[PDB]
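Structure record follows, encoded as structure tokens.
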Amino acid sequence: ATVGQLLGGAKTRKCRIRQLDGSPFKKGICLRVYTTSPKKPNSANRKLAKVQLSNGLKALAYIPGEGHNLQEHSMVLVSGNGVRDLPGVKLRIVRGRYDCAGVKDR
Amino acid sequence: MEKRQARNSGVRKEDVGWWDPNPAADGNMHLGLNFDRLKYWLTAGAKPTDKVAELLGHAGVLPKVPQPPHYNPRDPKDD
Amino acid sequence: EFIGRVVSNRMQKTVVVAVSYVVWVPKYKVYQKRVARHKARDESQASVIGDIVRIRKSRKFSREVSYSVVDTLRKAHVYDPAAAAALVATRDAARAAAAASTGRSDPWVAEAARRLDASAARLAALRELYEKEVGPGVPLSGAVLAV
RNA sequence: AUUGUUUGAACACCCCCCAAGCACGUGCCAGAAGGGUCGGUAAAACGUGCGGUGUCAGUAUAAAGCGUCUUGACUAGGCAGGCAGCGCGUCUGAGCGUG
RNA sequence: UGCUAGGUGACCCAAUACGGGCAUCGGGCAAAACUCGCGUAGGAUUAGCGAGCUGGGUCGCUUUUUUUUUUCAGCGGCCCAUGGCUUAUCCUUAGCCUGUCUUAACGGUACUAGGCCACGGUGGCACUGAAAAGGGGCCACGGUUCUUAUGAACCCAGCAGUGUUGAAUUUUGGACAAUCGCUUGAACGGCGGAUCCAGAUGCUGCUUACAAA
RNA sequence: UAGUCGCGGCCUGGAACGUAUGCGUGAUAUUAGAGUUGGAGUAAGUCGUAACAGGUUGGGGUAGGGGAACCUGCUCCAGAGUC
RNA sequence: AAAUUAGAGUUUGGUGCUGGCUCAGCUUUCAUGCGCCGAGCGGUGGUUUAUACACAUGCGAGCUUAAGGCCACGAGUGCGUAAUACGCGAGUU
């Protein structure tokens, strides 16, 4: 019709998580095991995890469950759920695998 | 299906035929070929292989072929 | 068979011909017009730029000359300067001669009378063409009188 | 042709969206959440038991593609007014062209 | 050119009587290979194409073979007409189409089987063949081993299987019986990790309490 | 009729051209990264009043001046009030 | 006898817009936890999805009257290629 619209229509098939790189689960080595204080109106000290991942890039990961056993040089499996209460963090450490196993009496 | 292609490839030949070697309740073999291009291909010098020649002879649209020149004990338990 | 305009003849025994071919696009249900260029053999070099020619596939003569010229349908009329000066001479001779023969009858009156009777002779002629083609009939339709 | 009687086992969920609710536990701590978010000492979301809803040898999480999404609009958005008319004109492109 | 049937043999093999191979001829249909008409990812932070970039003549372009008639191309050498294109070139992504999933449809996007192309660790090249190389030939590269160091041997994008990476990837199974292919004139002959059957493993459709005839 | 003859089949020969390859010297492409700066995020370190009748009426524009928010002209827009 | 269009929650003192996020849909993995692994008949599917990475070992093209005659079909992958490709349509020397 209008030929500008005729040329007006393959884009970037954008992975909405750009750290798993299209995959669901990538393992990695925990660089640092640390906690932080969250955005108000939350004030409970949430425990996080900076991981050197499989793809050579780094992003922060939520640590779930009643405590954990992760230290330096420790391998985990990282999942794709985010934690909302601090900005910019999109990763969840799944439990039922490696040095991070399940809590006692869940 | 000339000598070049495999059994399951896309072939210029239209039909190896409606075919069902499984016995079916009585008159146990299948309905045979659909037709009118079978006579063209066999007319045009396209070869049959051995058992399609037996099946075409057995259907009686072609005469049959004698297979055995001699007898030695065949083993039926190979399967 | 293609019927398409020439665009280039600067080219030995070969004319570049452009044809308006219309391609479908499925996305917008709109026929888009593109124009592709072909190279075609002619034999007489009678194709001036603007000629409407008929090209057809023959045996290939080159890497990219693939059709051959069959017939030039409508000739492109071309600028000849000396013939244009001849039309200047004949045309102002006609104007001055008509105004001298005419020149009360102001010359507009005489020419408009001649155009009226020329139109009347025309209308009588095509009306008699309709009379010989149809017979005495109302001009309702020729599709009715085709029976 | 012959005869006897019968419903497992888990997983997730149970504030609203979304079907399903209470007890003690700890009180912005341990925590959960896809979103709104709930905990700031009487928690219908978090520790556990009871009770119930979905699916069932499966079930939830994670991702990925499509749709929902008219959310690139041809069907099918528009453009003073959220975001969107180029500062204006000449303009033989392409396209649309019987006074 | 390649197959199948015929007809021929101053040939070879078989024959208590006759058919095969082998050479040639020709009927049938056939592949192959080329050509052109169109389609086709975005990028102006790619704007001129560093080029014969297109055309005409001349040759070279490695065969005559049934009646009136018959046989491509810049592919290379030479002149020559000076033009040809302008999403032209250049970059980077990407095997392509049907498919499969979804949507009500238009569309948008990972497979099924299968169509075609490309490639065989990298690169160059040739023989033969009508047509060229995935376990054929030669050289150079890059790997892997060994040498008494001088040089040789090999190249799983074939099957199983090993190792890294990965969240994840299967049995070093059986078999020519069925096809189908190659081959052989005995012999239900020989072979085929094609395939057919079994495994592990996602999805599924479909049963499943025992006893007894 | 006995060395002839050989249009035609097989064979030492030179050679344009043709990789990989070397010091020159261009392109596109890659991460390592010296080193600088910006965007964003953040519960309690902090200096003034942009903004709102909003207290000098502000700004699309182009240059100047100030430890900071900024102000100085010139046409416009009124998408600031309001008689 | 032609089988053809699902929303809701989320923003604000509330109302309506404005577009975005999420959940309910279908399909999909030797995905990841937790649980069973009774036995059979089957379909099918893995692009070892990636590495066109390096391959131990074994097997995959041998048949046949020393010599000769026949073994370019099958299998795998997508590096390169945006066009001698591939598809569609006409004609072939």
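Identifiers in the structure tokens: chain A, B, ... in order shown; residue index from 1 per chain; ligand index from 1 in order shown.
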- Item | chain C residues near chain E (7 Å cut-off, only C-alpha atoms (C1' of nucleotides)) as a list in words |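 Every residue of chain C that passes the 7 Å test is in residues 11, 12, 13, 62, 63 and 66 of chain C.
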Please report, as CSV, each residue of stretch 82-197 of chain E lying at most 7 Å from stretch 12-31 of chain F, together with the nearest pair of atoms and the separation in Å rounded to one decimal; use only C-alpha atoms (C1' of nucleotides), and order rows by chain and ascending residue number.
residue,atom,partner,partner_atom,distance
E:123,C1',F:20,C1',6.9
E:124,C1',F:19,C1',4.6
E:140,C1',F:20,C1',5.0
E:141,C1',F:20,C1',6.3
For the residues selected in the previous step, produce a file with C-alpha atoms (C1' of nucleotides) as a PDB file, in the first residue's frame.
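The resulting file, again-v1.pdb, is shown below:
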ATOM      1  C1'   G E 123      44.265 -25.674   1.332  1.00  0.00           C
ATOM      2  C1'   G E 124      45.939 -26.730  -3.919  1.00  0.00           C
ATOM      3  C1'   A E 140      51.864 -28.175   1.486  1.00  0.00           C
ATOM      4  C1'   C E 141      49.615 -26.869   6.444  1.00  0.00           C
TER       5        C E 141
END
Pick out the chain B residues within 8 Å of chain G. Count only C-alpha atoms (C1' of nucleotides). Give them as an mmCIF file with C-alpha atoms, in the first residue's frame.
data_model
loop_
_atom_site.group_PDB
_atom_site.id
_atom_site.type_symbol
_atom_site.label_atom_id
_atom_site.label_comp_id
_atom_site.auth_asym_id
_atom_site.auth_seq_id
_atom_site.Cartn_x
_atom_site.Cartn_y
_atom_site.Cartn_z
ATOM 1 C CA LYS B 3 18.996 -47.829 -8.735
ATOM 2 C CA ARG B 4 20.203 -44.525 -7.155
ATOM 3 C CA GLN B 5 17.550 -43.873 -4.480
ATOM 4 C CA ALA B 6 16.874 -45.709 -1.227
#
- Message: With only C-alpha atoms (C1' of nucleotides) as the counted atoms, please give the residues lying no more than 12 Å from residue D:37, apart from itself and same-chain residues fewer than 6 positions off, as number ranges by chain.
- Response: A: 41-42, 84-85; D: 15-16, 45; G: 10
Those same residues, written as a PDB file, in the first residue's frame with C-alpha atoms (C1' of nucleotides)?
ATOM      1  CA  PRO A  41       9.303  -1.469  53.386  1.00  0.00           C
ATOM      2  CA  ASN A  42      11.404  -4.633  53.726  1.00  0.00           C
ATOM      3  CA  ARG A  84      12.315  -8.364  43.814  1.00  0.00           C
ATOM      4  CA  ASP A  85      13.267  -6.727  47.101  1.00  0.00           C
TER       5      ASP A  85
ATOM      6  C1'   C D  15      -4.716 -13.414  51.224  1.00  0.00           C
ATOM      7  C1'   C D  16      -6.517 -11.492  45.919  1.00  0.00           C
ATOM      8  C1'   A D  45       1.019 -15.684  52.758  1.00  0.00           C
TER       9        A D  45
ATOM     10  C1'   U G  10      -1.615  -4.804  38.843  1.00  0.00           C
TER      11        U G  10
END
- Pick from D:73, D:80, D:33, D:13, whichever lies nearest to residue A:5 using only C-alpha atoms (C1' of nucleotides):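 Answer, going by the shortest atom-to-atom distance: D:73.
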- Query: Out of stretch 6-146 of chain C, which residues get strand (DSSP E) from DSSP, as an MDAnalysis selection string?
  - Reply: chainID C and resid 6:8 14:24 31:41 52:57 65:72
- Message: With DSSP run on the backbone, what are the helix (DSSP H, G or I) residues within chain A? I'd like them as a VMD selection string.
- Response: chain A and resid 3 to 6
- Message: Using only C-alpha atoms and a distance of at most 10 Å, pull out the residues of chain C that contact chain A, as a PyMOL selection string.
- Response: chain C and resi 25+27-32
Kindly export the residues of the current selection with N, CA and C atoms, as a tab-separated table (two decimals), in the first residue's frame.
chain	number	residue	atom	x	y	z
C	25	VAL	N	3.33	-9.62	-3.01
C	25	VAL	CA	3.83	-9.83	-1.66
C	25	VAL	C	2.68	-10.43	-0.85
C	27	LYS	N	2.33	-10.56	2.45
C	27	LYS	CA	2.18	-10.03	3.79
C	27	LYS	C	1.08	-8.99	3.85
C	28	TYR	N	0.97	-8.15	2.83
C	28	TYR	CA	0.08	-7.00	2.90
C	28	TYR	C	-1.03	-7.04	1.87
C	29	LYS	N	-1.10	-8.12	1.09
C	29	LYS	CA	-2.10	-8.35	0.03
C	29	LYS	C	-2.08	-7.23	-1.01
C	30	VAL	N	-0.89	-6.72	-1.31
C	30	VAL	CA	-0.72	-5.62	-2.24
C	30	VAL	C	0.26	-6.05	-3.31
C	31	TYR	N	-0.14	-5.91	-4.57
C	31	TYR	CA	0.79	-6.09	-5.67
C	31	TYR	C	1.77	-4.92	-5.70
C	32	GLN	N	3.05	-5.22	-5.58
C	32	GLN	CA	4.11	-4.22	-5.65
C	32	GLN	C	4.68	-4.23	-7.06
- Task: Pull out every residue of chain E sitting within 9 Å of chain A, counting only C-alpha atoms (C1' of nucleotides), and send them as a PyMOL selection string.
- Result: chain E and resi 41-42+166-167
- Query: Any idea which chain F residues end up within 9 Å of chain A if we count only C-alpha atoms (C1' of nucleotides), as a ChimeraX atom specification please?
  - Reply: /F:41-43
Return as a tab-separated table the residues of chain G lying at most 12 Å from chain A, together with the closest atom-to-atom pair for each and the distance in Å to one decimal, counting only C-alpha atoms (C1' of nucleotides), with rows in chain order and ascending residue number.
residue	atom	partner	partner_atom	distance
G:29	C1'	A:24	CA	10.4
G:31	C1'	A:24	CA	7.1
G:32	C1'	A:94	CA	7.5
G:33	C1'	A:96	CA	5.4
G:34	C1'	A:96	CA	9.0
G:49	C1'	A:23	CA	11.8
G:50	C1'	A:23	CA	11.9
- Message: Contacts from chain D to chain C, 10 Å maximum, only C-alpha atoms (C1' of nucleotides): show me the residue list as a list in words.
- Response: residues 74, 75, 94 and 95 of chain D
Can I get the selection written as a PDB file, in the first residue's frame, with N, CA, C and O atoms (P, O5', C5', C4', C3', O3' and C1' of nucleotides)?
ATOM      1  P     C D  74      -1.211  -2.075   9.130  1.00  0.00           P
ATOM      2  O5'   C D  74      -1.449  -2.896   7.788  1.00  0.00           O
ATOM      3  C5'   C D  74      -2.273  -2.360   6.741  1.00  0.00           C
ATOM      4  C4'   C D  74      -3.048  -3.458   6.055  1.00  0.00           C
ATOM      5  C3'   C D  74      -4.189  -4.043   6.867  1.00  0.00           C
ATOM      6  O3'   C D  74      -5.379  -3.304   6.670  1.00  0.00           O
ATOM      7  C1'   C D  74      -2.878  -5.793   5.934  1.00  0.00           C
ATOM      8  P     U D  75      -6.144  -2.748   7.946  1.00  0.00           P
ATOM      9  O5'   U D  75      -6.888  -4.038   8.513  1.00  0.00           O
ATOM     10  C5'   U D  75      -8.172  -4.406   7.989  1.00  0.00           C
ATOM     11  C4'   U D  75      -8.382  -5.901   8.008  1.00  0.00           C
ATOM     12  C3'   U D  75      -8.734  -6.513   9.351  1.00  0.00           C
ATOM     13  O3'   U D  75     -10.107  -6.347   9.657  1.00  0.00           O
ATOM     14  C1'   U D  75      -7.118  -7.845   8.257  1.00  0.00           C
ATOM     15  P     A D  94       9.513   6.889 -11.545  1.00  0.00           P
ATOM     16  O5'   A D  94       8.818   5.987 -10.437  1.00  0.00           O
ATOM     17  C5'   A D  94       9.392   4.727 -10.080  1.00  0.00           C
ATOM     18  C4'   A D  94       8.820   4.239  -8.777  1.00  0.00           C
ATOM     19  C3'   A D  94       7.299   4.153  -8.720  1.00  0.00           C
ATOM     20  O3'   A D  94       6.805   2.937  -9.261  1.00  0.00           O
ATOM     21  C1'   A D  94       8.088   5.300  -6.819  1.00  0.00           C
ATOM     22  P     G D  95       5.466   2.938 -10.125  1.00  0.00           P
ATOM     23  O5'   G D  95       4.322   3.325  -9.081  1.00  0.00           O
ATOM     24  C5'   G D  95       4.005   2.418  -8.010  1.00  0.00           C
ATOM     25  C4'   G D  95       3.110   3.113  -7.015  1.00  0.00           C
ATOM     26  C3'   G D  95       1.820   3.689  -7.596  1.00  0.00           C
ATOM     27  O3'   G D  95       0.802   2.709  -7.711  1.00  0.00           O
ATOM     28  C1'   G D  95       2.873   5.326  -6.274  1.00  0.00           C
TER      29        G D  95
END
- Item | Contacts of residue B:18 at 9 Å (only C-alpha atoms (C1' of nucleotides); same-chain gap of 5+ positions) as number ranges by chain | B: 30-34
- Distance of atom CA of residue B:48 from atom CA of residue B:29, expressed in Å to one decimal place: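 Value for the atom CA of residue B:29-atom CA of residue B:48 distance: 19.9 Å.
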